[PDB]
Number of protein chains: 4
Amino acid sequence: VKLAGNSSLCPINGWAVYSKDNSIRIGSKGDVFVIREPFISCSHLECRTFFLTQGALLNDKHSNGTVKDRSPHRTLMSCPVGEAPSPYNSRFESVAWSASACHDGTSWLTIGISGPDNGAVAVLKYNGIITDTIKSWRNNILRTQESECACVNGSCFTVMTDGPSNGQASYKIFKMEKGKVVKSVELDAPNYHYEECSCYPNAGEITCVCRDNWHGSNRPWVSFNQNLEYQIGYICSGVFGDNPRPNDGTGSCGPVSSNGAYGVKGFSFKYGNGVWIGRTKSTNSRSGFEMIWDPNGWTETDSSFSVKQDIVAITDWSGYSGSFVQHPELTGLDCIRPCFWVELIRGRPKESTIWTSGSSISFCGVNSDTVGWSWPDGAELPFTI
Amino acid sequence: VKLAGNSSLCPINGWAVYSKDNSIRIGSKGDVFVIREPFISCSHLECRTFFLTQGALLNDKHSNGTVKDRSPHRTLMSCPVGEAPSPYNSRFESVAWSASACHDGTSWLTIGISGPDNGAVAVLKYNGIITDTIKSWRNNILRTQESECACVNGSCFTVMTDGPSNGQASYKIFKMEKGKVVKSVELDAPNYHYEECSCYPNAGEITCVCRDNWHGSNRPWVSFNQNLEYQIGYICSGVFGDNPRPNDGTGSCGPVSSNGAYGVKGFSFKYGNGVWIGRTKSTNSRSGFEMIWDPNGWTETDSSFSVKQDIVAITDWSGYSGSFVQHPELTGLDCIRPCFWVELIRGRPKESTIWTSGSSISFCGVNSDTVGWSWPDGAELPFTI
Amino acid sequence: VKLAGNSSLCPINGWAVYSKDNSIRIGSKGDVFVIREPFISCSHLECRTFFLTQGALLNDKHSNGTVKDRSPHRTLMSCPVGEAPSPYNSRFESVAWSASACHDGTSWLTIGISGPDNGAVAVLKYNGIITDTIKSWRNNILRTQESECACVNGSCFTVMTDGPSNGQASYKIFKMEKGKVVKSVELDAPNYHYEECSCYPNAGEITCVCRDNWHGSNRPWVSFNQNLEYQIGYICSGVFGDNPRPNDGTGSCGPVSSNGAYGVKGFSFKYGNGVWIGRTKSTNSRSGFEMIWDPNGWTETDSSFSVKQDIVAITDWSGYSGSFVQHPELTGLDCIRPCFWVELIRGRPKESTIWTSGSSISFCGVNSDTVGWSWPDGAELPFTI
Amino acid sequence: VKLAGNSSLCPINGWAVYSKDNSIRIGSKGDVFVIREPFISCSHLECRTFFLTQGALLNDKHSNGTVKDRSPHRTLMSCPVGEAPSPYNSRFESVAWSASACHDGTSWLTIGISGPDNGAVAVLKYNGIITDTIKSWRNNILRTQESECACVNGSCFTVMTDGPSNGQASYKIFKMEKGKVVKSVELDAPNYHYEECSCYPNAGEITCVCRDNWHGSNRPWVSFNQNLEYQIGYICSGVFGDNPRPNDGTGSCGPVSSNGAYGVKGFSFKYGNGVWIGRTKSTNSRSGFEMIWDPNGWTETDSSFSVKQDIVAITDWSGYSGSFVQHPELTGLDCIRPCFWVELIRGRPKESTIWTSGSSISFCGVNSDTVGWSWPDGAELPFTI
Ligand SMILES: CC(=O)N[C@@H]1[C@@H](O)[C@H](O)[C@@H](CO)O[C@@H]1O
Ligand SMILES: CC(=O)N[C@@H]1[C@@H](O)[C@H](O)[C@@H](CO)O[C@@H]1O
Ligand SMILES: CC(=O)N[C@@H]1[C@@H](O)[C@H](O)[C@@H](CO)O[C@@H]1O
Ligand SMILES: CC(=O)N[C@@H]1[C@@H](O)[C@H](O)[C@@H](CO)O[C@@H]1O
Ligand SMILES: [Ca+2]
Ligand SMILES: [Ca+2]
Ligand SMILES: [Ca+2]
Ligand SMILES: [Ca+2]
C-alpha cells in the first residue's frame, strides 16, 4: 500500500539519538567498508543505511583514496541502521559515484549514477530491477542528492544537477512512479546553485534544502507540488547553514557570498516561518555539529534564534548531514517524523592517513525533551594504515 | 497478541545449561565485540542476547578500555542467544551506556540511556522507532536495569535510578505501553538503594531483586502491581547475595552494612517465602557462581538452605548476572520459566590487559534434575593485546 | 504436519556427492570453528549440519586441543549444509560435549549432554526451548549418537549409553514427543557394546548401526518399533566396518574380537539381508572412506560383496561418519532417502599440529549412477599454528 | 507458478550497469572466495550470483592455484548479486568443477559436475535435493555451461559436452523438469564444437551462443524447441566474438579457423537477423570488453555494425562473460529482459601472482540510452601473497 505523504511534520522540541554505527572504530580490525555519505532512508517497515563505497575495506591498501571521487568502483549499498557496513551485512544496490534512494510504501527506488563526467547516466531501479535511465543533459557531471528522495501518494521525487560546481549550473526535479520518470522540470534558477539536496515530504508537497557550492553561505531551497510546480529561494536566517560560512551576521534570501564559495551537504526543516538548522560548529572545517531552531528565520534575517542543541563537539570531526523521514505508515503517528543523520568524516584531507571514510549518527524529532552532547566518531588515527 | 503475565513461576528443582557464547575465546581471532552486561530477553518466538559495546572489537587497539564507562560510543545491540556478538550477527538497538529491553508479545521495547551525567536521557524504542523519552530528574546519572524489563497484560515495566551510587538516591518504577510511559511512581524508599534491577513477571505482578551499591551485602527488592502500587524490602537470608559481602552469618530485612558497601548486578527468584539466590562463590571478587535454594530465606534470617548448585568454580571469573523469563506463549507451558544469565568478565581490572569484556552462559528453571559443574569463560589471557 | 516415516528406504545403486564445506582450507584465513562430528539432519524444508565446537577458531591459540574432550566449552551448533561453520553463520543449539538432533516435521529436537563425567545431564530442547532433561543412570559419561536421531509418526528416538567404554555398559532407547521423554527402555544386551549410534527410520521402525568400542570389529545394531520393542545383533559380514579392524576374513553375528577393541562412529544401511557398509579404507587408521554393498551380508558371513565405491583415498584422512535421511515430505519421493556424511579429520593425533578439526562431505542414495573418487579435506598442514 | 517463456526479447538500445562486486579489491583484507565464472541467474523474485570456488580465500596459501582446474574441492555456490562472495554470505549449492543453474518459477535447478576426468558425473538438484544424475558418455571431461540454463513452460534446458577440447566432441541437449531429465538429444554437429554455452529463452524456444575451443574464432550456436528439435550454425558476422581471434575481417557461417583454435566463454543476443555481440577488445588476450550491435550480422558476413558500447577498457583484464535473463514474471515487463555478466580475471596466467580469481560486473537490456565506459576490476596486484 503506497505511502501517503499528506500529513504534516510532527511538532518537535529536540532530537533524541537514534543510531551510531562506530564503523570506523570497528573497521580498525573488522572488515568494514570505507564509506562516504551514509544516508538513512526508511520504508513502512524498516530503516536502512545507504552509502557509497570505493569497494575497499578499512585498514587495507585498496582504501588508498588518492582515487578520483567518481571512480567506476564506487557502488551504492545498504545495511540495517546502526550496523557497521561490511560485505557480510550490506546489500548491493547499484553501481554509482552519486545516488539517492527512497521507498514508496511498496518497493525501494534507488538511483545510482555512474559513467564518465561528460555523460554520466542515472540508473533507476525499482525493487532491484532497472526501470529507467536518465542521461546527463549538460555533459558536466550529472549528480543527485546523496540522501533520501521524497515519496508522496505513490510518486517519488528527486533533484539532480548538471553543470559546473562553480558558476551557473542546470537543475531539474524528477517525478517517478515505479522507478520510471513520468515528468521532469528544469528550475528557472538564475543565480542559484543546487547540489546534494536533502528533501522531504510535508502535506503532500516536497521541500529540499541543498548545497550552494558556487557562491552562497546560506542554503538554497526548492519546494514543489506533485506536478512539479515549484518555488525557490534561500534560507534568510543570519544563522548561516553551509560550511564554510562567515560568523552569524545578517543574512538574505539570496546567496550570501561572504565565504560561501564552497560547501557541505546539509539540511533544514521548515515549520511555518521557522527553521530547524543543522550545521557544523566551525565556520571553516567540517567539525562539530549542532541543531538550531530559529523561529521566524526561514523568511527573516537575524542572528537570533531560540534553541541550540549540541550533537558533536567543535573538537571532533563531522561532515555531511542529511534529512530522512518516518512516515505514519511505519510509526502509527498521525504526522511525518523528521530525522537526520550526520556523517563523521575521518582521514583525509584533515588527518595524516591515506584514506577517508565516515561513521554515522542519527537523531529523530520527538515531543519529549532531549539533551545536547557530543557523539563523535571516536577512532584513533592513524590506523595501521 | 499481547503477552499475558497471569501465570506463576514454574516449580523447579535445578538449573539446566541453556547457552554459552564463548565470545572471548572466539574473539581472540574472530571479529567479536568487546562487551559488557550480556542480558537475555525473549519474545513469543525467540530469545536474544542484548549487550552494550564501546563499539570496539577484541584484540584491536580500540578496546583500550581506559575510556569512561559512560561514553558516547556505547551502544545497545542484540544477537541470537549463544552466538558470539559480532558486527556481522548483531542488530543495532540503541545508543546507550545503560539499558534494558523486553518484548510485550507484539514488539520489542528497548530503553537506551545516553547523554551527559548531569542530564542523561532515556530513549524508548518500540519496534525500533522512538516512542517516548525520559529525562534525568536528579541530574546525577540516570540509569536502568542492564537486563530485561518485564511485561504483563500488554504493559511493560522498568526501574530507573538517578542520584548518588553512595547514599540515598531516587528510584522510579515506570509503566509503559507501546513504548510510551503512561505512568510512573517514585519509590519512598529511605535507607534503600536500588541499582541494576533484575525484574520478572509472576501472577500479574512484577518482582525485582536489585543491587545495593551504597550500604548492603544483601539484595533489596521491589514488587509492584500493574498500577505501580508497591512493596519494598531486602532479602533477609543469611546467604548474602551481593558481592562483596561478609561470610554467611545472620542476615536481616534491611541493608546489611558489613562489607556491603559496593556490589554487583544480580538476581533472585522468590518462591513463597523461599529464595533461589544466584551469587558469586567468592566474598570479595566477581569470581565463581552458584545457585542456592534457601527455602523460606526471603523473609527469614539464617545461613542454612537446602540446595546448592555450582555453576562457575571459585577459580574462574564471573561478574554480572540477571534473570530472564520465558512466557507460556513462547513455551506452551502453563507457567513462567525462571532463567538466568551470567556474565564472565575477563581483563581489567583483575587481569593484566588493556581491555575488559565478558562471555555469557545462561540456565533455565526445569523440574527434572540437573547437575552442578563449572562453565567458565575459558579464554587464555593476555591476548595479542 | 508431523513427519510420517511409514515408507521404506529408496532402492539405490550408488552415492552422489551432496556437499563439501572445505571448512579447514577456508579456516586457514576465514573465521571457521574448529569442530568435530559435523553430522547432517534435515527437516521438511532444509538440511543443516550440526557440529560440536570447543569454542575456538582455526589458526587461533585457543584451538590448542590439549583440552579434555568433554570440556564445559563444547557447544552444539548448526549451519546450512555445505557452508563453513563460523560464528557468523552458525546457530547456537545447546551446551554439549555429546549430542544428537532431529526434526519431526514441526520443530527441531536437539539433545546436548554437558556436566561432569560422574553425572552428565542431557538437556532436550524443542524449537530452542528446554522440554526435558535426562540424567546419567550409571554416573559414567552419559553419551549419545553424535548424529541425527530418527522421528516417525510424530515421535523421535535416540539411543544413549552410560557406563564404561571398555567392558559391559548400559544402553537405553528413548522415545520422545515434542522434546519430552514419553518412554524409555534399557536394552538387555549382555556382551554387546553400543556407542555413537547412527539411526534411521524404515517402514515405521528405527534401525541403528553403532560403534562397539569394547570388543568388536564389526558393528552392533539395534532396531525397534515405535513402542521400544527391539531386536539386536551384529553385522555378520566378513567385511568389517569398524576401525580399527582386521583384514576382511570371516565375520560373525557376535562381536569379532580380532582387532576391534576400539572404534570409530560409523553407519550402515540394511536392505533385506544386504548391507551398504560405509567404512574407512585403512584397517588401522581413520584414513580413506568407501561404500560397500554386500548383498546377503547382514545375516551372512563372507568377505565377498558386489560393489565398492570409493569416497576418500587411503592416502587421505577420514574419520567419523554417520547416516542421515531425507523424508518424502521434504523430497516428494515415495520413499526415505538414505544419505551419509563423513568427517575429514585433520591435525592431532596423526599430524604435527596443536589442534584437531574436521571437514565434512556428504552423499545421498540415488537410482541413477555415480562414480567413485576422492573428496579429501585438502588443507595444507601445518597451519600458521 | 512456473515461469512462462513465451514472450520475446525486449527491444533495446544499450546496456545499463546492473552490478559490480569488487570482490578482489575487498578480498585483499576481507574473507572472499577465490572464484571463477560468477554467472548470474534470476528467479521470479531475486537475482543471484553463482560461482565456482576452490574452497579457498584470497590472500591465503590455499589460493595457491597450481591445483588442477578440476579438483574435488571445487564447489558451486551462490550469493546475492553485487555482493562479494564470502563464506559468510554465500549459500552452498553443490560439489562441482563445472556447473550451471536456473530457476523455473518454482524452485532452483543446479547442475554440478564432479568426479574424475574419465567418468565425471553431473548431479542435478531441484530445491537443493538431488533429483537426477548424468554420467560422462565419452569419458572425457563431461562439462556444462558455466552460466544460467534456460527454463520455458516448466522445463529447463542445458547443453553439455563430453569428449576432447580440440577435435570433434559430443554435444547433448537435456530437457529436464523438476530437475529430472525427461529427454535428451545428441547434436548431430560434425565439424562443430560446443563448450560453455550461454543459453536464453525467447518466444518459447532456447538459443545458445557457445564457445568453439577447437577451430573457431566466431561463436557456434544452437536453438531448439521444447521437444529438442534443433538447428545449428555459427554467427556469420565478421565481427568475430571469440578470443583469441583475428582482426575483424570477413566472417563465415562456419568455423573461422584462423586464430580461432582456443577460446573464452561468451554470449550474444539474436534479434531477427541482427546480433548484440559482447566480446573482449583485445584479439589475443582476455582484456577489455565491449558490446557491439551489428544488425543483419547473424546471417551475414561483414566487418560493419552500427553500435559499439565500451564496458571494459583494453587496458584492463576481462574474462568469461555470459548471458542471463529477467523474465516477465520478475520484472512485470511484457517481454524477456536480456542481461549479461562479465568476469574480470586477475592473477595467473597474465599476472605475477600465485592465484587466479575474478570479480564480476553485470548489465541489462534497457530501452533508454546508456553510456559506454570502463568498469574494470580495480585491484592492486600483487597481494600479500
Ligand atoms: C601506506 C601507503 O600504501 N601509501 C602509499 C604511498 O606510499 C604512495 O606514495 C601512494 C602513491 O600511489 O600510494 C599510497 O598513498
Ligand atoms: C598496548 C597498548 O596499546 N596499550 C596502551 C598503553 O601503552 C598506554 O599507556 C595507554 C594510555 O592511553 O593506552 C593503551 O593502554
Ligand atoms: C604453539 C602453541 O602455543 N603450542 C602450545 C605448546 O607450546 C605448549 O607446550 C602447550 C601446553 O599446553 O600448549 C600448546 O600446545
Ligand atoms: C608464495 C608461495 O608460497 N608460493 C608457493 C611457491 O613458493 C611454491 O614453489 C609452489 C609449489 O607448490 O607453491 C606456492 O605457489
Ligand atoms: Ca557554499
Ligand atoms: Ca553492596
Ligand atoms: Ca571396535
Ligand atoms: Ca576459439
# chains A, B, ... in the order shown; residues from 1 in each chain; ligands from 1
$ select_by_dssp --residues "range 109-146 of chain C" --states "strand (DSSP E or B)" --output "PyMOL selection string"
chain C and resi 109-114+121-126+129-135+143-144
$ write_last_selection --atoms "N, CA and C atoms" --output "JSON list (two decimals), in the first residue's frame"
[["chain", "number", "residue", "atom", "x", "y", "z"],
["C", 109, "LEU", "N", 14.57, -30.98, 17.36],
["C", 109, "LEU", "CA", 14.77, -31.55, 18.67],
["C", 109, "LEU", "C", 16.27, -31.63, 18.76],
["C", 110, "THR", "N", 16.83, -31.10, 19.83],
["C", 110, "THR", "CA", 18.26, -31.17, 19.98],
["C", 110, "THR", "C", 18.53, -31.76, 21.34],
["C", 111, "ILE", "N", 19.62, -32.51, 21.42],
["C", 111, "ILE", "CA", 19.98, -33.17, 22.65],
["C", 111, "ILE", "C", 21.44, -32.91, 22.90],
["C", 112, "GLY", "N", 21.73, -32.15, 23.94],
["C", 112, "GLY", "CA", 23.10, -31.84, 24.26],
["C", 112, "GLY", "C", 23.42, -32.30, 25.67],
["C", 113, "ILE", "N", 24.51, -33.04, 25.81],
["C", 113, "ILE", "CA", 24.94, -33.52, 27.10],
["C", 113, "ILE", "C", 26.12, -32.69, 27.58],
["C", 114, "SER", "N", 26.07, -32.26, 28.83],
["C", 114, "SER", "CA", 27.16, -31.49, 29.41],
["C", 114, "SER", "C", 27.23, -31.93, 30.87],
["C", 121, "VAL", "N", 24.22, -34.56, 32.34],
["C", 121, "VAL", "CA", 22.80, -34.42, 32.14],
["C", 121, "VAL", "C", 22.47, -33.99, 30.70],
["C", 122, "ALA", "N", 21.57, -34.73, 30.06],
["C", 122, "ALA", "CA", 21.19, -34.40, 28.69],
["C", 122, "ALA", "C", 20.01, -33.44, 28.72],
["C", 123, "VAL", "N", 20.18, -32.28, 28.09],
["C", 123, "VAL", "CA", 19.12, -31.29, 28.04],
["C", 123, "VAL", "C", 18.45, -31.41, 26.69],
["C", 124, "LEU", "N", 17.16, -31.72, 26.69],
["C", 124, "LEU", "CA", 16.43, -31.82, 25.44],
["C", 124, "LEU", "C", 15.76, -30.49, 25.15],
["C", 125, "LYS", "N", 15.93, -30.01, 23.93],
["C", 125, "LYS", "CA", 15.31, -28.75, 23.53],
["C", 125, "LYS", "C", 14.42, -28.97, 22.31],
["C", 126, "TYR", "N", 13.27, -28.30, 22.32],
["C", 126, "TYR", "CA", 12.33, -28.40, 21.22],
["C", 126, "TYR", "C", 12.10, -26.97, 20.77],
["C", 129, "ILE", "N", 13.66, -24.36, 23.00],
["C", 129, "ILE", "CA", 13.33, -24.32, 24.42],
["C", 129, "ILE", "C", 13.41, -25.69, 25.07],
["C", 130, "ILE", "N", 14.05, -25.73, 26.23],
["C", 130, "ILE", "CA", 14.22, -26.94, 27.01],
["C", 130, "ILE", "C", 12.87, -27.58, 27.32],
["C", 131, "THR", "N", 12.72, -28.84, 26.93],
["C", 131, "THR", "CA", 11.48, -29.57, 27.14],
["C", 131, "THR", "C", 11.63, -30.79, 28.04],
["C", 132, "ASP", "N", 12.87, -31.18, 28.32],
["C", 132, "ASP", "CA", 13.12, -32.30, 29.19],
["C", 132, "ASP", "C", 14.59, -32.43, 29.52],
["C", 133, "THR", "N", 14.89, -33.24, 30.53],
["C", 133, "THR", "CA", 16.24, -33.49, 30.99],
["C", 133, "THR", "C", 16.40, -34.97, 31.35],
["C", 134, "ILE", "N", 17.56, -35.54, 31.01],
["C", 134, "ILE", "CA", 17.85, -36.95, 31.32],
["C", 134, "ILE", "C", 19.21, -37.03, 32.01],
["C", 135, "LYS", "N", 19.22, -37.56, 33.23],
["C", 135, "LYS", "CA", 20.45, -37.70, 33.99],
["C", 135, "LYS", "C", 21.13, -39.04, 33.76],
["C", 143, "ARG", "N", 26.46, -40.63, 27.22],
["C", 143, "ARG", "CA", 26.76, -40.16, 25.87],
["C", 143, "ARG", "C", 25.69, -40.63, 24.89],
["C", 144, "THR", "N", 25.62, -39.98, 23.74],
["C", 144, "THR", "CA", 24.62, -40.31, 22.75],
["C", 144, "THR", "C", 25.20, -40.43, 21.32]]
$ residues_near_ligand --ligand "ligand 1" --cutoff "6 Å" --atoms "only C-alpha atoms and all ligand atoms" --output "PDB file with N, CA, C and O atoms, in the first residue's frame"
ATOM      1  N   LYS A  61      45.123  -1.762   1.771  1.00  0.00           N
ATOM      2  CA  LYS A  61      45.764  -0.926   0.762  1.00  0.00           C
ATOM      3  C   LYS A  61      44.828  -0.352  -0.295  1.00  0.00           C
ATOM      4  O   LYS A  61      45.112   0.687  -0.886  1.00  0.00           O
ATOM      5  N   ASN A  64      43.450   3.301  -0.291  1.00  0.00           N
ATOM      6  CA  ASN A  64      44.410   4.359  -0.627  1.00  0.00           C
ATOM      7  C   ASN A  64      43.808   5.732  -0.901  1.00  0.00           C
ATOM      8  O   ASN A  64      44.475   6.742  -0.740  1.00  0.00           O
ATOM      9  N   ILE A 354      46.055   7.758   4.624  1.00  0.00           N
ATOM     10  CA  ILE A 354      45.988   7.648   3.181  1.00  0.00           C
ATOM     11  C   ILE A 354      44.551   7.443   2.726  1.00  0.00           C
ATOM     12  O   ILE A 354      44.282   7.343   1.535  1.00  0.00           O
ATOM     13  N   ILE A 385      47.388   1.745   8.919  1.00  0.00           N
ATOM     14  CA  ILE A 385      47.485   2.276   7.568  1.00  0.00           C
ATOM     15  C   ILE A 385      47.143   1.158   6.618  1.00  0.00           C
ATOM     16  O   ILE A 385      46.094   1.252   5.938  1.00  0.00           O
TER      17      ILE A 385
END
$ closest_atom_pairs --of "chain D" --to "ligand 4" --cutoff "12 Å" --atoms "only C-alpha atoms and all ligand atoms" --output "JSON lines"
{"residue": "D:59", "atom": "CA", "partner": "ligand 4", "partner_atom_place_in_ligand_line": "1 (C)", "distance": 10.0}
{"residue": "D:60", "atom": "CA", "partner": "ligand 4", "partner_atom_place_in_ligand_line": "3 (O)", "distance": 9.3}
{"residue": "D:61", "atom": "CA", "partner": "ligand 4", "partner_atom_place_in_ligand_line": "3 (O)", "distance": 6.3}
{"residue": "D:62", "atom": "CA", "partner": "ligand 4", "partner_atom_place_in_ligand_line": "14 (C)", "distance": 8.9}
{"residue": "D:63", "atom": "CA", "partner": "ligand 4", "partner_atom_place_in_ligand_line": "15 (O)", "distance": 8.7}
{"residue": "D:64", "atom": "CA", "partner": "ligand 4", "partner_atom_place_in_ligand_line": "15 (O)", "distance": 5.1}
{"residue": "D:65", "atom": "CA", "partner": "ligand 4", "partner_atom_place_in_ligand_line": "15 (O)", "distance": 7.4}
{"residue": "D:66", "atom": "CA", "partner": "ligand 4", "partner_atom_place_in_ligand_line": "15 (O)", "distance": 6.6}
{"residue": "D:67", "atom": "CA", "partner": "ligand 4", "partner_atom_place_in_ligand_line": "12 (O)", "distance": 8.6}
{"residue": "D:68", "atom": "CA", "partner": "ligand 4", "partner_atom_place_in_ligand_line": "12 (O)", "distance": 11.9}
{"residue": "D:348", "atom": "CA", "partner": "ligand 4", "partner_atom_place_in_ligand_line": "15 (O)", "distance": 11.1}
{"residue": "D:352", "atom": "CA", "partner": "ligand 4", "partner_atom_place_in_ligand_line": "1 (C)", "distance": 10.6}
{"residue": "D:353", "atom": "CA", "partner": "ligand 4", "partner_atom_place_in_ligand_line": "1 (C)", "distance": 8.0}
{"residue": "D:354", "atom": "CA", "partner": "ligand 4", "partner_atom_place_in_ligand_line": "15 (O)", "distance": 5.2}
{"residue": "D:355", "atom": "CA", "partner": "ligand 4", "partner_atom_place_in_ligand_line": "15 (O)", "distance": 8.0}
{"residue": "D:356", "atom": "CA", "partner": "ligand 4", "partner_atom_place_in_ligand_line": "15 (O)", "distance": 11.5}
{"residue": "D:382", "atom": "CA", "partner": "ligand 4", "partner_atom_place_in_ligand_line": "1 (C)", "distance": 10.7}
{"residue": "D:383", "atom": "CA", "partner": "ligand 4", "partner_atom_place_in_ligand_line": "1 (C)", "distance": 10.0}
{"residue": "D:384", "atom": "CA", "partner": "ligand 4", "partner_atom_place_in_ligand_line": "1 (C)", "distance": 8.8}
{"residue": "D:385", "atom": "CA", "partner": "ligand 4", "partner_atom_place_in_ligand_line": "1 (C)", "distance": 5.7}
$ residues_around --residues "residue 56 in chain C" --least-positions-apart "3" --cutoff "12 Å" --atoms "only C-alpha atoms" --output "PyMOL selection string"
(chain B and resi 21-30+84+377-380) or (chain C and resi 27+31-36+52-53+59-65+67+73-75+85-87+355-357)
$ select_by_dssp --residues "range 317-368 of chain B" --states "helix (DSSP H, G or I)" --output "list in words"
residues 328, 329, 330 and 331 of chain B
$ write_last_selection --atoms "C-alpha atoms" --output "short mmCIF file (atom, residue, chain, number, x, y, z; two decimals), in the first residue's frame"
data_model
loop_
_atom_site.label_atom_id
_atom_site.label_comp_id
_atom_site.auth_asym_id
_atom_site.auth_seq_id
_atom_site.Cartn_x
_atom_site.Cartn_y
_atom_site.Cartn_z
CA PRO B 328 3.94 -19.66 28.25
CA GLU B 329 3.23 -18.02 24.90
CA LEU B 330 6.75 -18.94 23.81
CA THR B 331 6.92 -22.25 25.70
#
$ residues_near_ligand --ligand "ligand 7" --cutoff "8 Å" --atoms "only C-alpha atoms and all ligand atoms" --output "MDAnalysis selection string"
chainID C and resid 211:219 242:245 259:264
$ closest_atom_pairs --of "range 72-111 of chain D" --to "range 175-198 of chain D" --cutoff "10 Å" --atoms "only C-alpha atoms" --output "tab-separated table"
residue	atom	partner	partner_atom	distance
D:98	CA	D:196	CA	9.3
D:99	CA	D:196	CA	9.4
D:100	CA	D:196	CA	9.5
D:104	CA	D:178	CA	8.5
D:106	CA	D:178	CA	9.0
D:107	CA	D:178	CA	8.1
D:108	CA	D:179	CA	8.8
D:109	CA	D:179	CA	6.0
D:110	CA	D:179	CA	8.1
D:111	CA	D:179	CA	8.8
$ residues_around --residues "range 228-241 of chain C" --least-positions-apart "4" --cutoff "6 Å" --atoms "only C-alpha atoms" --output "NGL selection string"
:C and (217-224 or 248-254 or 279 or 297-303)
$ residues_around --residues "residue 50 in chain C" --least-positions-apart "4" --cutoff "7 Å" --atoms "only C-alpha atoms" --output "compact mmCIF listing (two decimals) with C-alpha atoms, in the first residue's frame"
# COMPACT_ATOMS: atom_id res chain seq x y z
CA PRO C 38 29.56 -32.48 11.69
CA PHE C 39 26.54 -34.74 11.26
CA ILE C 40 23.73 -33.73 8.93
CA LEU C 76 26.33 -27.93 19.75
CA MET C 77 25.68 -25.68 16.76
CA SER C 78 24.35 -25.88 13.21
CA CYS C 79 24.74 -24.06 9.92
$ closest_residue --among "D:119, D:164, D:72, D:80" --to "chain A" --atoms "only C-alpha atoms"
D:80
$ decode --residues "range 256-275 of chain B" --atoms "N, CA and C atoms" --output "PDB file, in the first residue's frame"
ATOM      1  N   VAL B 256      22.391  -4.889  55.126  1.00  0.00           N
ATOM      2  CA  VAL B 256      23.438  -5.458  55.962  1.00  0.00           C
ATOM      3  C   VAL B 256      24.598  -4.569  55.540  1.00  0.00           C
ATOM      4  N   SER B 257      25.187  -3.870  56.506  1.00  0.00           N
ATOM      5  CA  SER B 257      26.276  -2.922  56.240  1.00  0.00           C
ATOM      6  C   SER B 257      27.664  -3.510  56.194  1.00  0.00           C
ATOM      7  N   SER B 258      27.864  -4.597  56.933  1.00  0.00           N
ATOM      8  CA  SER B 258      29.186  -5.245  56.961  1.00  0.00           C
ATOM      9  C   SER B 258      29.633  -5.781  55.603  1.00  0.00           C
ATOM     10  N   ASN B 259      30.448  -4.976  54.933  1.00  0.00           N
ATOM     11  CA  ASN B 259      31.016  -5.307  53.635  1.00  0.00           C
ATOM     12  C   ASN B 259      30.171  -4.963  52.412  1.00  0.00           C
ATOM     13  N   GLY B 260      28.902  -4.663  52.627  1.00  0.00           N
ATOM     14  CA  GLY B 260      28.027  -4.383  51.507  1.00  0.00           C
ATOM     15  C   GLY B 260      28.112  -2.975  50.938  1.00  0.00           C
ATOM     16  N   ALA B 261      29.270  -2.348  51.055  1.00  0.00           N
ATOM     17  CA  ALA B 261      29.412  -1.002  50.544  1.00  0.00           C
ATOM     18  C   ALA B 261      29.881  -0.916  49.104  1.00  0.00           C
ATOM     19  N   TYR B 262      29.376  -1.784  48.239  1.00  0.00           N
ATOM     20  CA  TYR B 262      29.713  -1.742  46.812  1.00  0.00           C
ATOM     21  C   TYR B 262      28.775  -2.749  46.143  1.00  0.00           C
ATOM     22  N   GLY B 263      29.248  -3.590  45.227  1.00  0.00           N
ATOM     23  CA  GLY B 263      28.322  -4.557  44.650  1.00  0.00           C
ATOM     24  C   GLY B 263      28.503  -5.115  43.252  1.00  0.00           C
ATOM     25  N   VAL B 264      27.479  -5.849  42.825  1.00  0.00           N
ATOM     26  CA  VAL B 264      27.433  -6.469  41.500  1.00  0.00           C
ATOM     27  C   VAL B 264      25.972  -6.766  41.158  1.00  0.00           C
ATOM     28  N   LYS B 265      25.603  -6.578  39.898  1.00  0.00           N
ATOM     29  CA  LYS B 265      24.233  -6.831  39.499  1.00  0.00           C
ATOM     30  C   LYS B 265      23.945  -8.311  39.684  1.00  0.00           C
ATOM     31  N   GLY B 266      22.783  -8.607  40.251  1.00  0.00           N
ATOM     32  CA  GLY B 266      22.399  -9.985  40.475  1.00  0.00           C
ATOM     33  C   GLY B 266      20.890 -10.129  40.462  1.00  0.00           C
ATOM     34  N   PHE B 267      20.424 -11.343  40.709  1.00  0.00           N
ATOM     35  CA  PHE B 267      19.002 -11.591  40.715  1.00  0.00           C
ATOM     36  C   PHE B 267      18.730 -12.591  41.815  1.00  0.00           C
ATOM     37  N   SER B 268      17.459 -12.928  41.951  1.00  0.00           N
ATOM     38  CA  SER B 268      16.995 -13.908  42.911  1.00  0.00           C
ATOM     39  C   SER B 268      15.550 -14.159  42.515  1.00  0.00           C
ATOM     40  N   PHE B 269      15.080 -15.383  42.705  1.00  0.00           N
ATOM     41  CA  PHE B 269      13.700 -15.698  42.380  1.00  0.00           C
ATOM     42  C   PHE B 269      12.976 -16.068  43.659  1.00  0.00           C
ATOM     43  N   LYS B 270      11.847 -15.414  43.876  1.00  0.00           N
ATOM     44  CA  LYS B 270      11.054 -15.650  45.065  1.00  0.00           C
ATOM     45  C   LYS B 270      10.024 -16.760  44.861  1.00  0.00           C
ATOM     46  N   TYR B 271       9.998 -17.701  45.802  1.00  0.00           N
ATOM     47  CA  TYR B 271       9.047 -18.816  45.799  1.00  0.00           C
ATOM     48  C   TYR B 271       8.447 -18.880  47.196  1.00  0.00           C
ATOM     49  N   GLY B 272       7.216 -18.395  47.337  1.00  0.00           N
ATOM     50  CA  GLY B 272       6.597 -18.385  48.650  1.00  0.00           C
ATOM     51  C   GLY B 272       7.523 -17.550  49.511  1.00  0.00           C
ATOM     52  N   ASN B 273       7.999 -18.103  50.620  1.00  0.00           N
ATOM     53  CA  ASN B 273       8.914 -17.375  51.494  1.00  0.00           C
ATOM     54  C   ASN B 273      10.361 -17.773  51.247  1.00  0.00           C
ATOM     55  N   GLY B 274      10.573 -18.627  50.259  1.00  0.00           N
ATOM     56  CA  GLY B 274      11.919 -19.055  49.959  1.00  0.00           C
ATOM     57  C   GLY B 274      12.557 -18.227  48.875  1.00  0.00           C
ATOM     58  N   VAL B 275      13.815 -18.525  48.598  1.00  0.00           N
ATOM     59  CA  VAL B 275      14.511 -17.817  47.552  1.00  0.00           C
ATOM     60  C   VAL B 275      15.519 -18.691  46.846  1.00  0.00           C
TER      61      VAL B 275
END
